[PDB]
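Results of the structural survey
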Amino acid sequence: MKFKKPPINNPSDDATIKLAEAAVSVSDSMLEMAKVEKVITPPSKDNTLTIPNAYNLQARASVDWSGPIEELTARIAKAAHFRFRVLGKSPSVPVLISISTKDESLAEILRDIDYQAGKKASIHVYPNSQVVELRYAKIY
Amino acid sequence: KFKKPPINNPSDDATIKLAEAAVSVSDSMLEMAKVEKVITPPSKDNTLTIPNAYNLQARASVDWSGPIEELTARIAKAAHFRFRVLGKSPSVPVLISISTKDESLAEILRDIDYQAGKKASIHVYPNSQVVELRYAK
Amino acid sequence: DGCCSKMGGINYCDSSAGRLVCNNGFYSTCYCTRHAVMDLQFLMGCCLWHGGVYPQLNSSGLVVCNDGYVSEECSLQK
Amino acid sequence: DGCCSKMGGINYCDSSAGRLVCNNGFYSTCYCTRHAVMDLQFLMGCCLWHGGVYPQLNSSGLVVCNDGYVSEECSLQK
Amino acid sequence: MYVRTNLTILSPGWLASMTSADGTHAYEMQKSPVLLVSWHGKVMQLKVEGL
Amino acid sequence: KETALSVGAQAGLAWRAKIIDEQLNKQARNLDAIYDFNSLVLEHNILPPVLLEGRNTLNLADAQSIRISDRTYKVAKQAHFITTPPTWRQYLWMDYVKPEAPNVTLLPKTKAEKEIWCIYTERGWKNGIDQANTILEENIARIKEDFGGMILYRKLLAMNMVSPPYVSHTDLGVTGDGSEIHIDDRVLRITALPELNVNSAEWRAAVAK
Amino acid sequence: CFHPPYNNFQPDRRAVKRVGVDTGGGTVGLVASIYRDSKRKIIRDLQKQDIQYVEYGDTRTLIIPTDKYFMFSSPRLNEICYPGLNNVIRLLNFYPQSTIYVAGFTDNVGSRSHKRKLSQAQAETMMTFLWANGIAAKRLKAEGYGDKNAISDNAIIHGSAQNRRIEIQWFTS
Amino acid sequence: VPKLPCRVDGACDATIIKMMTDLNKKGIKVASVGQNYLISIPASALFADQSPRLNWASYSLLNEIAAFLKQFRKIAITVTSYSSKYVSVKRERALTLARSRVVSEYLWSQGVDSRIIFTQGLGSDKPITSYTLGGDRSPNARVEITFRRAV
Amino acid sequence: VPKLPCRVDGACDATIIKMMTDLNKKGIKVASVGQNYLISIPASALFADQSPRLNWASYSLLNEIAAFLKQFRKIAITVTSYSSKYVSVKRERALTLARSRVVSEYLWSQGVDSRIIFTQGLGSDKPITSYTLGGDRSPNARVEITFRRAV
């Protein structure tokens, strides 16, 4: 007739305790950060106009990458059998992106790549000609 | 027989909170980038489209980094097109830099116009075989 | 001695609450970190509620706190 | 220890790959060059991610990194 | 310190960079015993002696 | 004597440090996920500055002098250029060195010596444990402070209460003598550091829904 | 004889194998079956697993931990803890009359909309797993609360782990 | 150990577990969910029949339940009384309030260091058994003390 | 040598040759040409009859597959699914996509340090024989996994 409570697990550690203690505070700050940004400026248009999706892009992927950009893009082009193209020139500072995600369409993967790219670069698909184009920013 | 559990499982009550925080901060920062990006419509994008004439389907290995006019006259003579200018060349040259191994002259011209920016633009007429470089004031 | 005695037993010392976790899901009666919540009412020490003990080597048996008030029970008896 | 074991054996060390060659046409799992693609996830040493240790020494056991940081976790305490 | 490789240095900062015609990279940095690179997304460190 | 206690303190510090670095390495991906910087970087590879906000402050200057403020703001580290995103490994990764020198002078000979050896060793050991954890919590506090200041700059710029950085670039063609040449010259300079504003009209009030 | 994936949703037969291997005494096999399927032993095995059972008045409630009887950050179900689910269906066969309420619960990390969405998903998944085992659709109601009411607090980590839960209530009449 | 107190003063887990099992064997309802605890006591073994009077044996039960309640560090306690439908609304309501007042007063005189004692009674509004044949013997009339252990 | 690893961790190529021989003894096709490796599995040995459900006996085989797959330092793993012709076109496409999705999801849950997992299934578009007797009994309905060993 002994007693128990439903969480019972493997042992913990104090460093993980303090790490989560910091992490929840940064999470709260980022949440209100995003909320006040979302109200203070109005969204206009999502990227779905300049990148649509078409047939054979629907093959799926689990991807973990934390390096530079264009070789990952070339891997995706080799997956899609789409011809790769670069526009502009890369700056001397490399542009680094990190992806930790699993089981998405390639279209939404590339949309997320475009969103994480920021102002440094952009990507478009011309599906009638099956061309995947990456353009750089023309500053500096 | 044996369905194995996941290997790097968050089996600690602090690290599940840690992973939840990771998910939250990922989605929030994705939202931040999504609302802050500026895009352009492809309805009126200022990139030169492909002229798709038969004279412009060959392949080349081309490297250049300098003035624009000699390079564009050379590629025009390669395509057997006459070349013409509009406007006055500036005191400083509009500098471009293209180095590639194997693609076609249509996208060569497209990348040239993309690196031209607001200083100049390019034009192709395939009916009368001409290529025009248009400066900006 | 057994903090989670006659039950599941010791899991770990959570430093957030400063408590042992019993294997049955209860916080222990013991403590494990000094940053816990103790019902503290009684103390030791001399020259309390003043500047503490001034740590110099005095020539005499006089000992004075850092506010200038002295403590004769901290001082000796002669 | 036997790197190309259970095959014909060691052919030679391809230093472009930094890898041993087994006698059948398959790559080993050992190395021969220090310029090799090896994953490194644990390190030794002090004053890491700093300027490194100072070649000069202190009279005490204080150790000071080259970029001005002082590492007590390498130093000796009292 | 001066370094020549074909990887992508990440952590300790640098002052001057150069790239050849073939992706060979050269960097000029402050002295540090440890480098950080991303090979193919996997992140790795480099142990450097002599300092 | 106390030498066993001191060397046990050293050993406990080392062992706790090694286990801490092991755990910190093993939990890897979410760490750099939550501490992004390159998503937070500014336009011209500029590390944006760090800001501090304090609320509802009272100072007693002396006997019969008090000052009350509602919100105070302070720029901690001035923004500058950068070539790489800073990472957490220069904030969190503890140092490690194996202590290979137990000084073989005071080895025990009697069981009472063994007893005091054991007890002094274990209390030194727990001292080293607690000291290492203190170092770790100081490091995590300082990196939390850095990131908080950076994101507070981001939302102050959202609230239109800081000047953005200002940059001019100068452009030249070919330069130099007949033996050394450069094709282009781009000189990238910043004139105005980001800073707070003092007027009253430009304050942008927020709302939610 | 049996399938670890839920015995292919079949109405199971456990005690016949027991009396067969006991004959390999019929009466001792039958009373061993009685002692095994007896309700107190079911509840004691449920307490041997990490399942909380509360009986009070006329209303009976069950508490399930998400992190071992779910998959993380998903409405996917872990297949390892199938004995708990088989015991759950075996126990809930005893009260074939009253309605069932199921609720889902989270901690306080992230967007409020995100918490409500996840709780809604977990509640719907548990409800339909209950639905497939035999009880018809008119007797079920599902709800995913956020952190709107807690059995515990969230300043301390183990308390926060105790907070996230799945709640089962059933009446009698 | 010489200055640091190892455990909380005057509490032991073995004592807590043993006395909780003793209460459950006595049949007084004891329930623990999370950091929250609910103790339910039937009215018939405590009070006089529909009347605020005390048997002399009930002080022993109050004694041991106060000794158990001293084992936990507490902050706020709630005392709620429930009755049977007997005559009116307000007669039963005031009976519940008087019963709650007496038990709360004796507990507050005893050694529980609660910052807050809240007391109320609601008569026979929410029952927990539709079978309402009995009067004061029926289990729907009772008293409950609910509280939350903090940290 | 005492501080540098003499080999990549978890490597015993003698055991790798042993398990590769055992895999071909099982009859699962192991193909090694160049640095590109191919593993082919009949679909009847994995699923039910045109179903996207894992047979519970197959998890041991899956564990063997992952134990082989953990050995080699890699980048990208491609999963292709092939089927027979049963009712329509998109039905077979969807079934292949689901099957490849399930094996990719369990493998990505398991510890194979790739960076890229690509998955696609195409139905009955590239058969490997003209022999079309059975349904899922026929050897063309299958799952292939390919990769290139890097460095």
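How each quantity is defined
The numbering scheme counts residues from 1 along every chain following its written sequence, independent of the entry's numbering, with residues that lack coordinates not shown. A letter from A marks each chain and a number from 1 marks each ligand, given out in the order of writing. Here we see only some chains of a larger assembly; the values are for those chains and no others. With hydrogens and water stripped out, all remaining heavy atoms of the structure feed into the side-chain values. What counts as a disulfide here is a pair of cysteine sulfur atoms lying within 2.5 Å. Under the scheme used here, helices are H or I runs from DSSP no shorter than 4 residues and strands are E runs no shorter than 2 residues, and both carry numbers assigned from the N terminus. Summary of the burial criterion: residues with accessible area below 20% of their type's maximum are buried, those above 50% are exposed, and those between are partly exposed, where the area comes from a 1.4 Å probe applied to protein chains only. Using a grid of 1 Å spacing that covers the protein atoms alone, one calls a set of points a cavity when a 1.4 Å probe fits there but cannot get out, and a pocket when the set is open and has protein on both sides within 12 Å along at least five of seven lines; lining residues are those with an atom within 4 Å of a point. Grid points are joined across faces, edges and corners, and a volume is the space filled by probe spheres set on the points. Charged residues are taken to be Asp, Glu, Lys and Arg, nonpolar residues to be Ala, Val, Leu, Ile, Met, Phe, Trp, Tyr, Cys and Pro, and polar residues to be all remaining types, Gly included. Residues count as neighbours in contact if any of their non-hydrogen atoms are within 4.5 Å of one another. As used here, buried area is the combined drop in accessible area, with a 1.4 Å probe, of two parts when they are placed together. Salt bridges, as used here, are contacts in which a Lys or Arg side-chain nitrogen is within 4 Å of a carboxyl oxygen on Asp or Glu. As used in this structure description, the phrase polar contact means that two N or O atoms lie within 3.5 Å; if the pair is within protein, one of them must be able to donate a hydrogen and the other to accept it, and residues adjacent in sequence are counted only when both atoms belong to side chains. The set of buried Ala, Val, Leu, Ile, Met, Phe, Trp, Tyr and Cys residues whose side-chain atoms join them within 4.5 Å is what this entry labels a nonpolar core. To estimate how far a helix should extend, the number of its residues minus one is multiplied by 1.5 Å. Patch definition: residues with relative accessible area over 30% and no salt bridge; like charges joined within 9 Å; nonpolar side chains (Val, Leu, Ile, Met, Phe, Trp, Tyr) joined within 5 Å. The protein chains shown are the only cover counted for residues, whose accessible areas, like all others here, come from Shrake-Rupley with a 1.4 Å probe. One bridge is not enough; two strands pair if DSSP finds at least two bridges between them. Interaxial angle, 0 to 180 degrees, is taken between N-to-C directions of lines fitted to C-alpha atoms, where a helix line uses only the stretch in contact.

This entry lists cryo-EM as its structure determination method and reports a resolution of 4.6 Å.

Re the state of the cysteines
Residues and elements named next belong to chain C. Summed over all chains, the structure comprises 10 disulfides over all chains. Covalently, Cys3 is tied to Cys30 through a disulfide, its sulfur atoms 2.0 Å apart. Its S-S torsion of about -90 degrees marks the bond between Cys3 and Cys30 as left-handed, since a negative value means left-handed. Of this pair, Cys3 sits in the segment before β1 (10-14) while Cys30 sits in the segment after β2 (19-22); the two residues are 27 residues apart in sequence, bridging distant segments of the chain. For the residue pair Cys3 and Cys30, the accessibility class agrees, reading buried in each case.

Brief notes about empty space enclosed by the protein
All names here are of chain I. There is about 330 Å³ of room inside the largest cavity. Lining the largest cavity we find 20 residues, and of these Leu62, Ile65, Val103, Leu107 and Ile145 sit closest to its centre. Breaking the lining of the largest cavity down by element, the ones donating at least two residues are β2 (36-42), α2 (58-69), β3 (76-82), α3 (89-109) and β5 (142-148). Among the residues making up the lining of the largest cavity, the classes are represented as 18 nonpolar, 2 polar and no charged.

Let's talk about the interface of chain B and chain A
At the junction of the two partners, chain B supplies 31 residues and chain A supplies 38 residues. Taking both sides of the interface into account, the surface hidden between chain B and chain A amounts to around 2,900 Å²; carbon and sulfur atoms contribute 67%. Our count for the contact surface shared by chain B and chain A stands at 2 salt bridges. When the shortest N-O distance is used, the salt bridge between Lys37 of chain B and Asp114 of chain A registers 3.7 Å. At the junction of chain B with chain A, the criterion picks out 7 residue pairs in polar contact. Of all elements in the fold, only α1 (13-36) and α3 (105-116) of chain B reach the threshold of two or more residues within the side of chain B that touches chain A. The element that contributes the greatest number of residues to the side of chain B that touches chain A is α1 of chain B, accounting for 15 residues. Residues of the side of chain B that touches chain A, tallied by class, amount to 14 nonpolar, 8 polar and 9 charged.

Describing the arrangement of the chains
With 21 pairs of chains in contact, the largest contact count belongs to chains A and B. Across the gap from chain B to chain D, with no contact made, the nearest C-alpha atoms are 17 Å apart. Separated throughout, chain C and chain I approach each other most closely at a C-alpha pair spaced 28 Å apart.

Some points on the pattern of salt bridges
Side chains carrying opposite charge are able to pair once their charged atoms draw close together. Counted under the stated rule, the structure contains 30 salt bridges over all chains. Its salt-bridge partner being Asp14 of chain A, residue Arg16 of chain F comes within 2.8 Å of it at the nearest N-O pair. Taken together, the residues span two chains, with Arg16 of chain F in helix α1 (residues 3-26) and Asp14 of chain A in helix α1 (residues 14-40). For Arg16 of chain F, a relative accessible area of 11% gives the class buried.

Some details on unusual backbone geometry
Despite not being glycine, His80 of chain B has its phi angle at roughly 60 degrees, a positive value. The exposure class of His80 of chain B is exposed, given its relative accessible area of 66%. Even without a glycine there, the phi angle at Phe9 of chain G is positive, about 55 degrees. The residue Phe9 of chain G is located in the segment before α1 (15-23) in this model. Given a relative accessible area of 43%, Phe9 of chain G falls into the partly exposed group.

Re the nonpolar core
In this structure, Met30 and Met33 of chain A, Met29 of chain B together with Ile34, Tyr35, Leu92 and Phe147 of chain F are the most contacted members of the largest nonpolar core, which totals 33 residues. Among the elements that make up this core, the one with the highest residue count is α1 of chain A (9 residues). Beyond its immediate stretch of four places on either side in the chain, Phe147 of chain F contacts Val26 of chain A together with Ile34, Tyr35, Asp36, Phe37 and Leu40 of chain F. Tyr37, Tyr59, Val103 and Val143 of chain I belong to the second-largest nonpolar core, a separate cluster that totals 29 residues.

Considerations on α1 of chain A
Here α1 of chain A contains 27 residues, and its C-alpha end-to-end distance of 39 Å stays within 8% of the 39 Å for a straight helix at 1.5 Å per residue. Its side-chain oxygen at 2.9 Å from the backbone nitrogen of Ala15 of chain A, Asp13 of chain A defines the N-terminal cap of α1 of chain A.

Describing a nonpolar patch on the surface
Residue and element names in this part refer to chain F. There is a patch of nonpolar side chains on the surface, built from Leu58, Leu60, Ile66 and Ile68 and spanning about 490 Å² of accessible area. Those elements that provide at least two residues to the nonpolar patch are β2 (51-62) and β3 (65-75). Within the secondary structure, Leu58 sits in strand β2.

What about the sheet that holds strand β4 (residues 116-121) of chain I?
As summarised here, the arrangement of the 7 strands in space is β3(A)-β1(A)-β4(I)-β3(I)-β5(I)-β2(I)-β1(I), forming an open sheet in which the pairing is mixed. Looking along the sheet, the strands with just one partner apiece sit at the ends: β3 (99-105) of chain A together with β1 (29-33) of chain I. Recorded for the sheet is a direction-independent mean angle of 10 degrees between the axes of neighbouring strands. Against the sheet, helix α3 (residues 106-117) of chain A engages β1 (60-65) and β3 of chain A, with an angle of about 145 degrees to β3 of chain A. α3 of chain I contacts β1 and β3 of chain A together with β3 and β4 of chain I of the sheet and is inclined by roughly 160 degrees relative to β4 of chain I.

What to know about the side chain of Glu144 of chain I
Residues and elements named next belong to chain I. By the element assignment, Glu144 lies in strand β5. Relative accessible area serves as the criterion here: at 17%, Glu144 is assigned to the buried category. Side chain to side chain, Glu144 and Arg142 meet in a polar contact 2.4 Å long. Non-local contacts of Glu144, meaning those with residues more than four positions away in its chain, are made with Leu38, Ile39, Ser40, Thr78, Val79, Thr80 and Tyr82.

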